Amino acid sequence: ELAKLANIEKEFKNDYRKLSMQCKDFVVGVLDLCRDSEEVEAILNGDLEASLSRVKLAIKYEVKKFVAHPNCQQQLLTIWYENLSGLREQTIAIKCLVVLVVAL
Amino acid sequence: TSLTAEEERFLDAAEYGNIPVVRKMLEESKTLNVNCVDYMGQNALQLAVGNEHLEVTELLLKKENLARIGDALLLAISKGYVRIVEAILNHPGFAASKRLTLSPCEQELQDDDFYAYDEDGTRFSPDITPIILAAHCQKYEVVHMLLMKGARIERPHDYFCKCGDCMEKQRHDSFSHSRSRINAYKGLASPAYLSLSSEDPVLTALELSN
């Protein structure tokens, strides 16, 4: 809402953009404090009672530091390799062998 | 407001540092539980150590049953206090066990309230031992006291050791394991630990940087 009023006012341009930074830094400062994996998997998707709903909603609003934080990146990486799990730390030669085998 | 009036007359005299008003109520020895809950859920020792009252702390440890001497210890190492830490380590029930060495989560089955703060969770992360917390805050006097008692940080294993203990902690909660490794290396890579833990420290600093 603040980031859309910034494009409609254009004279109080810097003030709404100064308030949107507080609205983003609150979320990043909450994200920092989580310790167990249950707290991370309670923040990144909402109340259930995958499906990464808050992350897919933070793409639309472009909150870059909420997605570029390590506590979200490790949760995305454990989905990006969700059955391979030994290729997660290998050389680029082993990765090129994979794409050559699949392309063949 | 579950507490009685003797509870308030005890708690406020503890949190203000009245040596006679607390000495008289422990000497009266009538209708008083040393455990209590005030506001957030303060203890006797948690209140008495949060502002540096050594004379009260020498008296509260005279009784046998205090259930929260672990969070007074972490709160005292988190601050600069040294003589309070000497008093807490001088306690007999704390000393004659592997309590220095064990993490609160890995300390036992851990149903006791020994490292417990309030009711929700331990003050800090459950992986943090006292010697690691001393090395984070860089208190050179506390590290020497804890190293004389016999607590040394254990080096974490290699990235893919594949030992039974490492796999079991990896199959459940990968994230807390990866966080605990960084807490251990933040403990080891500090000038407090490096200077007072081993002989020839410049070589182990050059080696740990690798």
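Residues numbered from 1 in each chain as written, not as in the entry; some residues may be left out. Chains lettered and ligands numbered in written order. Part of a larger assembly, values for the part shown. Heavy atoms only, no water. Residues with missing side-chain atoms left out of burial classes, pairs and counts.

Named according to the PDB entry, chain B is Short transient receptor potential channel 3 originating from Homo sapiens. Here the PDB entry title reads "Structure of the human TRPC3 in a lipid-occupied, closed state".

The name given to chain A in the PDB entry is Short transient receptor potential channel 3, and the organism recorded there is Homo sapiens.

Q: What exactly am I supposed to notice about the side chain of B:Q46 here?
A: Residue and element names in this part refer to chain B. Considering the arrangement of structural elements, one finds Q46 in helix α3 (residues 44-50). A polar contact is formed between the side chain of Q46 and the side chain of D71, at a distance of 3.3 Å. Residues contacting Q46, with those up to four places away along its chain left out, are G41, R68, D71 and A116. (Helix = DSSP H or I, 4+ residues; strand = E, 2+ residues; numbered from the N terminus. Polar contact = N/O pair within 3.5 Å; in protein donor to acceptor, adjacent residues only side chain to side chain. Contact = heavy atoms within 4.5 Å.)

Q: Before we go on, may I ask you to explain the packing of aromatic side chains in this structure?
A: The description of an aromatic ring pair uses the distance of the two centres, along with the angle that the planes make with each other. Residues and elements named next belong to chain B. Between the aromatic rings of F114 and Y115, the centroid separation amounts to 5.5 Å while the plane-to-plane angle is 85°, which identifies the pairing as edge-to-face. Aromatic ring contacts, followed pair by pair, group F94, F114 and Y115 into a single cluster. Taking the ring centre of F114 as reference, the NZ or CZ of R99 above it sits at 4.6 Å. (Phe/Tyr/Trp six-rings, centres within 6.5 Å; stacked < 30°, edge-to-face > 60°. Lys NZ or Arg CZ within 6 Å of the ring centre and 35° of its normal.)

Q: Explanation requested: unusual backbone geometry in the structure shown.
A: Excluding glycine, residues mostly have negative phi values, and the peptide bonds linking residues are mostly trans. Non-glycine residue B:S29 carries a positive phi angle of around 60°. Although it is not a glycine, B:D200 sits at a positive phi angle of roughly 50°.

Q: Would you mind showing me how to read the packing of helix α5 (residues 71-78) of chain B against helix α8 (residues 130-137) of chain B here?
A: Axis angle and axis distance: for two packed helices, these are the angle between their axes and the distance between the axes, and together they describe the pair. Residue and element names in this part refer to chain B. Two elements in contact, α5 and α8, have axes separated by 9 Å at closest approach and are oriented at 20°. By the angle class used here, α5 and α8 are roughly parallel. When you trace α5 past α8, the crossing you get is right-handed. Here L73, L74, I77 and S78 of α5 lie close against α8, whose contacting residues are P130, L133, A134 and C137. Looking at the contact of α5 with α8 residue by residue, the class counts come to seven nonpolar, one polar and no charged. (Axes fitted to C-alpha atoms, helices over the stretch in contact; angles between N-to-C directions. Parallel < 35°, antiparallel > 145°, perpendicular 65-115°, else oblique. Left-handed = near helix turned anticlockwise from the far one by under 90°. Nonpolar A, V, L, I, M, F, W, Y, C, P; charged D, E, K, R; others polar.)

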